[PDB]
Every structure is written in structure tokens, then in C-alpha cells.
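An overview of the molecular structure
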Amino acid sequence: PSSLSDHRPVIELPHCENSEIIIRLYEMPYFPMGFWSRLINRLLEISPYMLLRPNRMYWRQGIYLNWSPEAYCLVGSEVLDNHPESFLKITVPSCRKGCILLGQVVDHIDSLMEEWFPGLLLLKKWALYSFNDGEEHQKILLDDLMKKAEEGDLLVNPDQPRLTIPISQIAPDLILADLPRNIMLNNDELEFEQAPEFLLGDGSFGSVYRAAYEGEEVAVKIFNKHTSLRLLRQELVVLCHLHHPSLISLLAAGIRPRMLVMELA
Amino acid sequence: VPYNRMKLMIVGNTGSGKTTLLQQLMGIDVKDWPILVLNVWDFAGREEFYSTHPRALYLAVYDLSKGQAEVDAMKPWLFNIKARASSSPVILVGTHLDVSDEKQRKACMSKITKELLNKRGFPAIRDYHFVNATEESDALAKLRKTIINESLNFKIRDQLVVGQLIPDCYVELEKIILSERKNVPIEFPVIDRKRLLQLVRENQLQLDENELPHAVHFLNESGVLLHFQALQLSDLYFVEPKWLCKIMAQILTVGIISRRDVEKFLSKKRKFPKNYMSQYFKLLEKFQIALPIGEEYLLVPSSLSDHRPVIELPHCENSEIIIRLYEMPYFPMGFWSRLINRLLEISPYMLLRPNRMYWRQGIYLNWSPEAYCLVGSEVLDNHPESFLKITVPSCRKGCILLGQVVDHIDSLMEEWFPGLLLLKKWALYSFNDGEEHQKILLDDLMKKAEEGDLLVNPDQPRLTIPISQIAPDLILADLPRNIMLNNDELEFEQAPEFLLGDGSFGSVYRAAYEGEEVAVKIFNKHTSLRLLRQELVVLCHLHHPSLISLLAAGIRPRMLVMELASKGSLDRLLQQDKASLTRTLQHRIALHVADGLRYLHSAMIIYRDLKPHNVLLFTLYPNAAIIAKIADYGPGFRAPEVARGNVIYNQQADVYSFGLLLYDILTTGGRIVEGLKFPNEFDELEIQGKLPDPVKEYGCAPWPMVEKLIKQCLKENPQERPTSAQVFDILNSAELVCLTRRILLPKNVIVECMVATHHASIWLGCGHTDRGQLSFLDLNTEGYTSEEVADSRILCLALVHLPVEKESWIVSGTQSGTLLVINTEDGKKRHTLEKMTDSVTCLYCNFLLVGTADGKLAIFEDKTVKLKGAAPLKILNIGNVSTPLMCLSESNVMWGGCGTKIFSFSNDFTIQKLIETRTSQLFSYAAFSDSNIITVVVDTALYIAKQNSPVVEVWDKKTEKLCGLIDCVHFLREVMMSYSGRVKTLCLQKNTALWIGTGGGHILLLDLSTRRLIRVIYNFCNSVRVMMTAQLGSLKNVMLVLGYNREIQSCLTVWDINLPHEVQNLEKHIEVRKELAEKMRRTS
Amino acid sequence: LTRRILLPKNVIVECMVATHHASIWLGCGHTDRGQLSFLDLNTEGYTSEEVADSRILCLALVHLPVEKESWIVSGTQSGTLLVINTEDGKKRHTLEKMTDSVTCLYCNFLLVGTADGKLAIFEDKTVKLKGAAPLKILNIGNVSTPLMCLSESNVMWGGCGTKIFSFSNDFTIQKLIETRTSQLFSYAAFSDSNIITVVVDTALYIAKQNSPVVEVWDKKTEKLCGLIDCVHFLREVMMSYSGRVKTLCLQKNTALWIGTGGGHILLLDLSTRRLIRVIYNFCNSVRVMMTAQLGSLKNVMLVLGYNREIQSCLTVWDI
Ligand SMILES: Nc1nc2c(ncn2[C@@H]2O[C@H](COP(=O)(O)OP(=O)(O)O)[C@@H](O)[C@H]2O)c(=O)[nH]1
Ligand SMILES: [Mg+2]
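Per the deposited record, determination of this structure is attributed to cryo-EM, with the resolution reported as 3.47 Å.

Some details on the site of ligand 1
Residues and elements named next belong to chain B. Inspection of the region around ligand 1 gives 13 residues, with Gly15, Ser16, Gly17, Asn132 and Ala133 positioned closest. With respect to ligand 1, the side chain of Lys18 contributes an N or O atom lying 3.1 Å from an oxygen atom. Classifying every residue of the shell around ligand 1 by side-chain character gives two nonpolar, nine polar and two charged.

Let's talk about the domain arrangement of chain B
All names here are of chain B. Taken domain by domain, chain B comprises domain 1 (482–564), domain 2 (569–741) and domain 3 (742–1067). A separation of 41 Å is found between the C-alpha centroids of domain 2 and domain 3. Listed as interface residues are 12 residues of domain 2 and, on the opposing side, 15 residues of domain 3. Summed over both partners, the interface of domain 2 with domain 3 comes to about 1200 Å²; 61% of that surface belongs to carbon and sulfur atoms. When the area that domain 2 buries against domain 3 is broken down by residue, the three leading residues are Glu735, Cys738 and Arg741, summing to 53%. In this assembly, domain 2 and domain 3 are joined by three salt bridges. Elements with a minimum of two residues in the side of domain 2 that touches domain 3: helix 19 (583–602), helix 25 (734–738) and strand 28 (739–744). Broken down by element, the side of domain 2 that touches domain 3 gets its largest block of residues, four residues, from helix 25. The residue makeup of the side of domain 2 that touches domain 3, split by class, is five nonpolar, four polar and three charged.

What about the interface of chain C and chain B?
How big an interface is tends to be expressed through the accessible area that disappears when the partners come together. Facing the 22 residues of chain C at the interface are 26 residues of chain B. Here chain C and chain B share an interface that buries about 1800 Å² over both sides, 50% of which is from carbon and sulfur atoms. Counting the surface chain C buries against chain B, the share from its top three residues, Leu184, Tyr187 and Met239 of chain C, is 34%. In this structure, the connection of chain C to chain B is made through four salt bridges. Between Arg462 of chain B and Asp100 of chain C there is a salt bridge whose closest N-O contact spans 2.6 Å. Where chain C packs against chain B, one counts six residue pairs in polar contact.

A short note on the sheet that holds strand 30 (residues 761–764) of chain B
All names here are of chain B. Spatially, 29-30-31-32 is the arrangement adopted by the four strands of the open sheet, whose pairing is antiparallel. Taken across any chain shown, the strands that pair with only one partner, and hence form the sheet edges, are strand 29 (754–756) and strand 32 (783–790). Adjacent strand axes in the sheet meet at a mean angle of 20 degrees when their direction is disregarded. Bridge count for strand 29 against strand 30 is three bridges, and the pairing is antiparallel. By the bridge assignment for strand 30, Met754 is matched with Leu764.

Concerning helix 22 (residues 679–688) of chain B
All names here are of chain B. Of the positions making up helix 22, those classed as buried are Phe682, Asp683 and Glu686. Projected down its long axis, helix 22 shows its buried positions confined to an angular sector of 85 degrees, all on one face. The outward face of helix 22, more than 90 degrees from its buried face, is lined by the exposed residues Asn680 and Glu681. Where helix 22 is buried, its residues touch helix 20 (651–666) and helix 21 (671–675). Positive backbone phi, at 80 degrees, marks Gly689, one or two positions downstream of helix 22.

Remarks on unusual backbone geometry
Trans is the common state for peptide bonds, and a negative phi is the common state for residues other than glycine. Residue and element names in this part refer to chain B. The backbone phi angle of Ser924 is positive, close to 60 degrees, even though this residue is not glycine. Residue placement: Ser924 occurs in the loop between strand 44 (915–916) and helix 26 (926–929). Residues other than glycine seldom take positive phi values, yet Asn948 does so here, at roughly 65 degrees.

Observations concerning the packing of aromatic side chains
As enumerated under the stated definition, the model contains 41 aromatic pairs over all chains in all. Geometrically, the ring pair formed by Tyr187 of chain C and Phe190 of chain C is edge-to-face, given 5.2 Å between the ring centres and 75 degrees between the ring planes. Among the residues examined, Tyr187 of chain C registers a relative accessible area of 2% and is labelled buried. The structure contains a cluster of three or more aromatic residues connected by ring pairs, namely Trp41, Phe43, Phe49, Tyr50 and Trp77 of chain B.

Some remarks on the pattern of salt bridges
Residue and element names in this part refer to chain C. As enumerated under the stated definition, the model contains 93 salt bridges over all chains in all. The salt bridge partner of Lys125 is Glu67, with a shortest N-O separation of 2.8 Å. Overall, the relative accessible area of 36% leaves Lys125 in the partly exposed class. Where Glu222 meets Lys175, a salt bridge forms, and the shortest distance between an N and an O atom there is 2.8 Å. In this pair, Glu222 is assigned in the loop between strand 21 (213–218) and strand 22 (223–229) and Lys175 in strand 18 (residues 173–178), connecting sequence segments 47 residues apart.

Points about a negative patch on the surface
Residue and element names in this part refer to chain A. Together, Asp188, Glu189, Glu191, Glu214, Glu216 and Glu263 give the surface a local cluster of negative charge. The residue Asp188 is located in the loop between helix 4 (167–170) and strand 9 (190–191) in this model. We classify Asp188 as exposed; its relative accessible area is 66%.

Describing the nonpolar core
All names here are of chain B. Among the nonpolar cores identified, the biggest contains 89 residues, and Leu445 and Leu731 are the most heavily contacted of them. Counting residues per element, this core draws most heavily on helix 20, which supplies 10 residues. For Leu445, the residues in contact, after removing those within four places along its chain, are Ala427, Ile440, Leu455, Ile467, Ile470, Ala471 and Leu474. With 71 residues, the next largest nonpolar core counts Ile28, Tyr58, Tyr330 and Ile340 among its residues.

Cut-offs used in this document
Residues numbered from 1 in each chain as written, not as in the entry; some residues may be left out. Chains lettered and ligands numbered in written order. Heavy atoms only, no water. Residues with missing side-chain atoms left out of burial classes, pairs and counts. Near = heavy atom within 4 Å. Polar contact = N/O pair within 3.5 Å; in protein donor to acceptor, adjacent residues only side chain to side chain. Nonpolar A, V, L, I, M, F, W, Y, C, P; charged D, E, K, R; others polar. Domains from an automatic or database assignment. Contact = heavy atoms within 4.5 Å. Buried area = accessible area lost by both parts, 1.4 Å probe. Salt bridge = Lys/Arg side-chain N within 4 Å of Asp/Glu carboxyl O. Helix = DSSP H or I, 4+ residues; strand = E, 2+ residues; numbered from the N terminus. Pairing = 2+ DSSP bridges. Axes fitted to C-alpha atoms, helices over the stretch in contact; angles between N-to-C directions. Buried < 20%, exposed > 50% of the residue type's maximum accessible area, 1.4 Å probe, protein only. Arc of directions from axis to C-beta. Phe/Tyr/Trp six-rings, centres within 6.5 Å; stacked < 30°, edge-to-face > 60°. Patch = residues over 30% accessible without salt bridge, like charges linked within 9 Å, V, L, I, M, F, W, Y side chains within 5 Å. Areas by Shrake-Rupley, 256 points an atom, 1.4 Å probe, with all protein chains shown as cover. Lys, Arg positive; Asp, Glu negative; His and termini not counted. Charge placed at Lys NZ, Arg CZ, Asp CG, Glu CD. Core = buried A, V, L, I, M, F, W, Y, C linked by side-chain atoms within 4.5 Å.

This is the structure in C-alpha cells:
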């Protein structure tokens, strides 16, 4: 109900320690009233089962949702002392179900950034993290995190190498661990040469080649430095629940190469 | 102080004129009469109080113009008076003399000189008068003088017997309370605030355990307030007499009435809490105002029609029915309402509901033409004595009904109308249908029952009757088939060598029955039959595995054949064979006793006698279905509460007694039992409740859980003590059995690592401070010390044992990367080995393996480490600056964790395989898979726990493949942010038990052969830090679990390594006996 | 045949014997003196003549085809035995008076059961003598324990008090079963009772006085084989029906007829112990039942009872 105030109820949560949760921040000074009405309309679509209608508590500029002690998802606006630039904050527990809830939410937020703010892409994406429970969190610009995601290593403290953090915890929606089990790319089965002899076609995202995934010729979409990672999962969203004999099915994704594997015949 | 107040009880029948008598002299109208202040209670109407809740003088008032008939009517009143206060004075006053000819006066005069003044059974009427009218009279002047002088004489009589006079001195504080209770203004005068009122008046009679009970006792006897002591509205609900009497009397007058309609009226009359209303109804029962019929109805005995409804019984010929008569001089007041309450529960099927009818003076139950029952009053001409008649049809069900009826009648009289036990019992019979019945006393039939003969007509031998038809309750024909005595099985001699014991009931002999050892109770000329049947009633309907059952009864020689214990009583075992008394046996005994108590308490039976002398053992074999039983269900070992001799027994008394039994079991020496030999200290000790620490005082091996159970059980306050149901639940625990020790560490001490000495003490690290501090725990004395030994914080400890060189050293790896090596036999021998290039993350040792934070593995030669500054044999680079080594396991090939890879080593320290486990992310969740390995357990598969994972990975070392996942969250998800589900440590036992510690205070026991949850051990502490497997100095294997208990508290818990087995075995044990309980109860 | 034979109003019968060759002798229970009545089944005729001072307790037929004569022995309350020739009612003989009253008779030789538990045995042709002494006398019970059931079905089963006897060819007690041990089953008031009727085939069927059940005993091991619950069967039927057993008759095809004290007669199959059929409301109270053949040799059941105005009724029931 849009008639509600921006009240934020004192709800005791599970997963109170820093390592118990995932925190994603979206910075922008102001999100023109109506933004959160559109946001909640798209937030009231979240359901990890699709890959239950819990005691959600709408906060006008965000929502509680609740889900379960095991997996929950809080989304809403925030502001800090001496930090007038407002921001969105997402809190899910550090687990796959939380990752799923997060992944669906961040896609809804970005689709809103495309919808409510066409062409704006402000909207700074930060991974909030800590090397020790009870300590102060630090922020990673996801652009730099993606530079490190390419490496596939942990966040390594250069001054104290003894402190390292899994990138997948830092940003669960960066590495596709929340996919339906049947489409996680088996890197030991994707016999993809990437040579011109395998070229089938192309597109704005990059190029289409062929590969012997699990011994079968499949089509492969290489997101060749044309907004990779992002477009890849957005396509996966379209592919999810897309089931018809006349259509090209998904034969596993592949976030590490940014190469979607599709039906070829 | 010299209390000068006395009660005046005025009794008589309605219309006597007794109130106006009182008026001139000066349910129940209560007023003071200062003369000496009398508390006058005028029983105006039929106030059952004289029987429902009976320093007083009785004034018996009757109408002389009615005559001798009225005199006889007063016999029940006199009986009742004698029955509760035979020593109290009675003044008999005839009224209406001004309308009664002296003919009646002298007729009644002679009547009382012949039948009351000189007749036993009545409370020796002290004096008497006749009064013309309540206008005034010389007779009344004399009566006043008589009342005064006689009440003085009475108190003199009390001084002669009781020791108290009309100025007897009572504690002044009780007198004060009387005044405090006088001053009470409450809308619904029910008092609980009395505790506060005690505190208002300073605090007098401060002995709540003794003086308080005496004050209350006094307050009822003195006529001040009302306790109602098994009601819920009893102890904490003191009620104004005026309301109790008024409201209940009114409701009677406001005959079957539904409960609900009564509730409706009551809720408008006086808005009582529904809780109080449930008690209200219970009070109506206890005060004989109304009896429960169905759960929705009340009988309301008073006012029931007194015109016995026309009932035509089936069966007419003499031989078709059985008749029993009870001759009485008069029925006691309330006799019938009490009798009815008992008879309503009769049923020939307890081993469709009956068409019940009520006469006030009788009950008719129908059921079926096959079996029905009529009980009611009948009177014959020329036979002043009133009497009961019981009629049942002559068949087995009819017999069963008869047995129940006569058992209730005799029990009624024993409890409520003793003195009669008069009650001439007659049986009716005839030798030919169509003729008249003949009477015979049951005593004579018992004489014939002993002969076993037919009743034979002394004039004509051709006419005989099979005794059973006349009296099927003299011969035990109403027994369950299961307990009829088979005379071809029972084999006994009654010879001296078989005598097991005796008592007021007769004697007990050892015998054989169906090839088994049994005990035979013989009622050898001790008011038998009645005692026999009482025991039969109690024994039947109690069918629990922990009780001694009945193995057939037989009237022919009047016997009860019961189970004989094989190993004898506990007391003997305690003093004769401690070797049998193992920890396992002891626990099982405690369970079996607790069950018996739970059962008997649910059966509303207070045992009142739990001592070692009453516990019987049927086999010392620890793993048996039934081991201990409680004898004879239905000294200096008393609860301090009941030890006062001024309270009533209840379940809490038994619980306290149980606790003492448990204490006695704990100390197998029976040390407090040995204390009995000096009873002057023993009985008082228990009264004091100041028992010594069973461990420290007697040298008894620790047994926590039980130790606190005893403390919880033996509390001074009855309301604080645990219920017997709860006691059992506590005893029903594998944790109870297997927890052996618990040592708390000093406040604000944090231990991050442990090394037990395999030979009885533990070396402890210390992560509380930021300084290399080494602590030490002595398990033999629970001693504790600590000293700073290094600069940076100690991370890992390891024991170097050189039995060849006869020495051993503690290797302390720390944050600085140094290795401090200290001789266990000499604290002065401290030295440092070659410093590592990074901190030490783990140690293992033969070669001393040092795993450092930079992924480097140093290997030191076995003895070489003795030298200061010694270098390692060789050094390997496994990981890197960001991938530290964290685990060296071995169960002679090494396995271990390095970042996210699993390595393995040969005896030449060469790498035999680097298994990258990152690929497990295809299953589970990538942030769990991608995390540093904490520990590696090596069995027939590898068990991997990673940092902050909730999932344990199972790997096939033979093919290097993921073979399964263990979801710890799932297991605790099944259990109803302490539930983090984070895996802390893994220990593995070669009997398939897998021990998994976690973030919260839980330990999971899994079955390696099936990957299944055996049990969740929990509410251990705040968080589990480390777990070790270690052999004690007794060679017993235990788990050493060190945890946090945030108030930074930490502690060491020692568990019996066989916990997994105890969990399963106990569960089985409990279930088997559960089934047996149902088996027994169902047979009946 | 089911012939409903009615006798004169207030006629009461205490004993019955039929000539197995078509007529029945009946004892006049309604009188105060031994009167002997006689029913002619061929013409439905009925008469009576005085035979004794005391009443008749039991009648029996003595037949000597070698002598071409037959007699009715009258066992009376007096203990005397009057022998009455049926070919000549005036030709009467006398057997030695018993020590007590005669409860039962069975006739080669005549067995005489008495109230004091004795069994006199009179040699067949002593029936022609007056003041004749018995062949042999057995001491079975006593004054408190009467002998009452003589059931040959070639040895004699004896019902005396609570014990079952079996007598040899020379009157030796072959077997003795005290049935008081049956109290473990049933109910003591029934178990402990005088035995009235004993029926024997493969097992013994014991009807005790005032019992609603029949005991079944194993003649081969002397053990209780089972119980027949008559009142149960009447319970199955949808103070007139007390269920007390009055008489047991048994045909070789296991047809056990149980006459009760009411108007019902229970026919039961002893090969399965299963109720076959109840005769409903035969009379108000069945007294005795006898298996016999008519003049046509038709096998009928002589069901004698009362329709209480005592209306004695004999139905010549169709077997
Ligand atoms: N003639 C006469 N009648 C009396 C005497 N005392 C009482 N009664 C009558 O009895 C009545 C009092 O009865 P009460 O005491 O209220 O009834 P109770 O409590 O049921 O006995 C009054 O009517 C009196 O006049 C008396 O001395 N003489
Ligand atoms: Mg009055």
C-alpha cells in the first residue's frame, strides 16, 4: 500500500554476524517518488522456488519479505550521517537461497533502472564486506570486483595476505551459483575451440560459435566485451521457463567464460 | 496468652424452636455471646458441616410435645457428635413443655434414662433440662447456670486429658492473627494475600514450615477462617465461612440439573472466576450438595424424591437372585449421600450405559436383564432397626456387581462411620423356590466356608444349597480369570524353612507355581476375608512393569501368590556387592523406580516409603528388560515437611524421598545409610537438609547431571520440588548417562588449543590475551595454573614423545612463527627452534610437521627437535602466501588441507596428488565450496569441512570424486541466530560414529555406515571450539569438548566415548518396556 | 407328528415312561398320593388309578419277552418300589424298600437310584416276586448327596452330586470325575450344583440343577472339553426365559435337544457345537422330553410341559 509511511520496524533477524549475510548497495542522491512504487511492484514477484507467501512487511521505500529463518530478503532505501547520497540496501543470508533471492531482486532493481530511468546508466554498485565478524565493513566497486572475478581468486589483503574472502560471498549474483542445477556449466564437458571453423553467426553481444558440449554439437554465445555477465544472465532470465519444441533450449550457461551453451540442430 | 473463647454448637431438627431458645438464653447462624465469649453456631437448617467439616459445647434441642419419636431422631445426632468429639459436653434440652403434658415429659425422661443417658454409643449426655417457653423461665435460669458451669467443667475435663483449660494459653501471635483476619474487607472474600498480611504485621510466627501450619490449624479449630485441605482451592484460598455456607446453601435451593444451567445462574449471582467455578463444583461434591453424574450433570442428593419409584425387576423365583441385608439401629447422617456417590461408578464391564433411577434412599442400575442392581432401604414391622437390601441376578456378572457394592459399603463405613464397626450382616436363602427366605449371619457362613460344605438343612439332609449362590463374595467367585488359583500348580509346605517373613496380615512363605519361584501371603487368622478383599481391590487395576504383580489368589486357604524377587532387596546389594553396582546398572535402577512412582502418582496413590529396603532386584544383568521393582505398593528417610507431623502427605513427599534414594544410589557405600547407626544425627540431618557433597565427602566418582538432579529434587519447599513425571523425563537421557565430567575455566579465559598427555592433565593455549600464555589443567584435582611463555599468541601445541629417550616436550607454535619447545619433565628446559618465515598454523607429530601460513610445510626429524635452533629435515612448498596450511591428518599416507586443495604425502614426503575441490561448486553452493579447508578426516572416504561451511563434503580418495554432501542445517532444521549451522570440528570414531560440532551448542552424531542422524546433543554451551579423542589415566576413552559459553565463560566437557551406543541402546530399552506396559494393562 | 396332546386342567406330572412297542404312563404330581395315570396314544385316552400312599417320583418299564409280560415300576417318595404288570394292572409285585426315596429307575436288571446316594440293582425276574431282595447295592453318595442320573449310553454313567461315575459290567466304579474343578470356567454357583442329566456319546454332557450352561467332558482323559451356553443362545434370540436347563435329549446325528425352564427348546449340533434351531414358545415351561417311537414306529419327541389352571401338554414332536 502506497499510503504507508517509510517506517522501519525493529525486527530481530537471524544471521546477525557479518559473515552470516550478504550486503549489496546502490548509490544515488535521490530516486524520484514513484520509483519505489514501481520497485515494490517488481519486488512482489520474488520466489526462489521457481528455479510460499511469507509474512512480508512493506516499508513504502522497501520491504521486509521474511521468507524463512533459513533464507530471507530485506530490500530498501538508506542514508548515513554525513552521507546525503541515498542508497538502496539488500540483505540476504549467505547461502544459495539467499543468493537466489538476491539475484532476482537485483535484476528487478536494474530492470527498474532501465524502466524508471531509461538511459541514465550515479547508481554506483558496491559490495559491502568484512574480513572478520564484528568488524567494520568496506565497499568494493563492482567494476573492480569484476576485474578480479576474471582472475577467479579470493579478495586478498595485500598488506595482510592471511585475510582472504571468496568473491562469490562478496557478490553472490556475480558468479552464477544460483542457477537451476541442470544448467550450471560443466567446464570439463565444454569442448569449445573458439576457432573461425566453429563460427556460426554473431550479434550485438559478440559472436555465435559451435562446441561439442558433452559430446554434442551446441551453439555458444560469446559475450565478447559487449556488456558481458549482465546480458548473459538477462538472457538466462528469458530462457528460464521458456519451453517449446520450436524454440532453442538452454544447454547450460557459463559465467566463467561468459559463454552461453544453446541447442544446435 | 490465656485465650477465653469457646464455640457453642446448637443442633436439632427443623421446627425444634432452638433459635428462640438461644435468643432468650442470650445453614448456620453464627454470633458471639459474651458471658467468656462464646462463638455460637446455630445449625438452623440441614447444614451438612457437621459431617462435611466437623473447644465446643453441644446443645441438643428437641420438641418435647412431639415426644419419644423425636428423642429417637436425635440418636444420629448424638452418634455423629460422639464420632467426632466424644469428650465434648452435651446438654439435652426439651422444649414446648408448656404445650406438653407431663405424661410426655416423664415418658421422654424414662426414654432417655433407658436409651441415652445409660447407653453406650452415645457421648454420655452430661446434663438435661425441660423448658416451657422462650418467654423466660426458672428452667432457663438453671440452663444458663448449667451451660456456664458445664462449659467450665468441660474445659477442666480437657485439662485432665488434653492439658488445656478455658484460659488455656496459646501463642499470642496466633491471637494477633485472629484479629488481623477479623479486619478484612474483600468483595469475594478469598484470601491469598495472607503472606503479605504476615509481612504487614511485621513478621510473626516466622517458621513458615511449622508455626504457620499451626496458626492455620488453630484458625480452623477456633472458628476464624477456612482452609480446604486434594483440592486446588485449598492451601492458598482462605475463605470467609459466611460465604462458603451461604452461597452453597442457596444454590441447593435455587432433581437432575445440568451443570451448565447451574453455571449460568451462578455467573449472575456471584461473578466467580471460571477456575474458581470448577473448584466450586468440586466443593459441592465434597460438601454433599451435589454429585457429578455425567460431565454435564449434577444429581443434587438433597431434595431427590423420597418415594421409591415403581421398579419391576426381571427374575422372580428365589433361586434367580441373590439378596444381602445390613441391619442398623439408624442410618448416620449423610450415610446415603456418601453411599450414592460411591455406588454411581459400578460396572460389570470394567474388567452401554445403565438406565439409572434414584430414590434418595436407593439406586437402581439396569444395564441388562442379564445383569442389573438394586440397592435401597427397607423397613419391616416390629423391627425398629432400619436396613439395606442389595439385589443382583444370580450369574457371574451379577456376582461382580455384588462384590463391588459390598466393598464400597464396607469401605464407606471404615472411613466415615467407625464405631459401627451393629451392622449385622444377613444373607437370605431358601431350599425351594416359592417358599420364604431364611436368615443367616455371614459369620456362620464363613464357618461353613471353612468347611467348604453345602449349606445343609439340619432337619432334612435332602435339602442343600451350594454356598456360592448365597454368598459368592465369601468364596472369591468375582476374580478375573487370570488370577484364579490353579491348585494343581501351586506347591508349598508352610514349613519353617520356607518362611520368608511375617506381619499383622499373617505370614509369607516361599513356594513354586507353574515352575516359578513365588511368595505366598497367608491370612492366618487375622480378620481375614475383609483384609484379603481389600488387598485384591488394590492389586487389581495396577498393572505396571515396575510393580510386583499378583500371580493368582485362592480362598480355600486364603492366599495371595505373588512374584518372588530373584536377587533380593537393594539394601543388601548396596552393602554386599559394589562390583555389581556399575554405572550402567545404577542408571537403569533409577529409571525403573521412577516409572513406578509416576504410575502410582497418576493412580492417586501415595507410596510414603521409598527406602532401599523396598527396592527389589530381579537380575543384576545390566541389559535386561526389567531389573528393579517396587514392593508392597498401595522412618529416618522422611521429607522434612511431613517430618513435622502436622501436614498431609502428597506426591512431593514421595519426590523428596526419591531424591534421597538417588543420593543413596550415587554413593554406593550407603554412607548416609551407615549414618542410620547413629539415628540421633541421621534423622536430624535429613530434617536439616544439609547433606554433604556426595563426591567430596564420600570420595565418589563425579556424576554431574545426577548431582544437580539430586540438588533440584531435595528442596525444602514442596512447591519448588519437581514432579515425579518430570523426574522420569530427566532420567530418560543418554546425556545423563554418558556425561562424566564438566570443568569450568576461570572467568575471561579463552583457550584456543588443547594437548592431552597420553599417559591425567591437559595443556591449554590462551587466545584471550595477545601474549603467548600457556595454561595447564590437572584433571585429577581440577587444578589450574598459567604462565606467559612467549611473546606472540600461541596458536598450536603439539606433544613430542620420546619414550626411547625417556622424555617429552611441548611444542608451541605461535603468531611470530617461532617454535617454543618445553620439556614436560622440566619447566626450566625451554628452547626455540629455527624460526619460520610466517606464523604457525598447525602442528602434527616421527616427524614434527609444521604447517605455516604461507603454505610451507617444514619436516623436522624425530629426536632433532631437542636441540635449540635446530633446522628441519626438509621443507616443502605446497601453497602460497594467500593459501595457508591448515590441517595435517593421518589415519602411513598423509592428507591435508591447503586453501581449497587436498594434498597427500608419501613416506618420502613427496606429493602424491593435489585434488582441487573447487569443482564441488557444481553441487551445493559456490561460497561454501570456495572456502579454506578447516579439517580433513581420513577413513574410507575423506570428510572435508571448510571455513564457514554448513556442509561437509565426502570425497572418494580412490577416484578423486565428490561422493556426497552432509547438510548440517537440515538436521537442525528438523529440530524445532544460535542455529548458525556452521561446522566447527569433525571427529571420527572407528565404530562408525561421526562427531560434528557446530557454531551453536550442538553436537551431531552421525552414522558413517548410512550417513544418518543418531542424535543431536545440545544446549551444551554457547559455541563449540575444539573436540579431541583422548584416553584417560584410567585407560577410559573420552571426548574432550572445549567450548565457549558467553561474561566470557569457557569450559571443558568430558563425554564417555560410547555415547552413540548408549543413545541407541537406551532408546530400545525404553520402547520395549513401553510395550510391556501396554501388554499388561490390556490383559487385565 | 407334533400332536398337541392336552390333559385335564390342573394335571401335573412328576414322571413319565412310555412302552417301546403306543401308550404312556404318567405320575400324578397334582395329587398328594401316588396315583398312576395312563395315556393311550392310539385313541388319545386318559385314565388313572391309585398305586401308593406317597407320590410317584419315577417310572420304569420292565420287559421280559421271554416271560411274555411287562411291568411298570413305581419309585415313590416313600422309598418303596411297586411293580405293576401292564397286561394286568391288578397283578402287582413288590421290590425291597429303599433306605430313602427313589429318585430314578433304569431297567437284564433294574437300577434304583436313591436320595441318599445308593444304587440298588434288582435282577430282572425278581419283578415277578413280592418282597424281593436286590442283586447288588452300591454305596455311591450319602444323605446330603443324592444319586439321580442313570445314563447308559455297555456301561453306566452315574450322576451323583458333583461327581460322574462309570460303572463296569460287575458294577465296579471304572471312573470317577469330580466336576467341581470346572469352577475355573463358567461360574461357581453353576459349577457347584447337583448333576441332573448325563448324556454320553464321544463326550459327556452335564446338566446341573439350575444351570444355564452344560458342561462337556472328555470321557477319554476326564477333562473339560467345553461349555454350552444356553442363556447365550437365548440372548441371541430376539422371567419367562430363565435359560435354566431342564432336560437333555440326544439323537445319534448329534441332534442335542435342550429343554429349558421357559418356552424354548434349543436344538444344537454337537459335531460343531452350533445351535441349529430353537422351538419358540412351545409352552410356558418345559418339564421333560423323551425320545420314543409311536405305534407306526415314527420317531418322535415326547415334549411334556406346562402352559400355566395348570395345563399339562404333551406334544408328540416330529423328529
Ligand atoms: N409453645 C412453645 N412454642 C415454642 C417454644 N419455643 C419455640 N416454640 C416456637 O418455635 C418457633 C421458633 O422456631 P425456630 O427456632 O425458628 O425454628 P428452628 O430453628 O427450625 O427450630 C417459634 O414459633 C416459637 O414460638 C416454647 O417454649 N413454647
Ligand atoms: Mg432457627
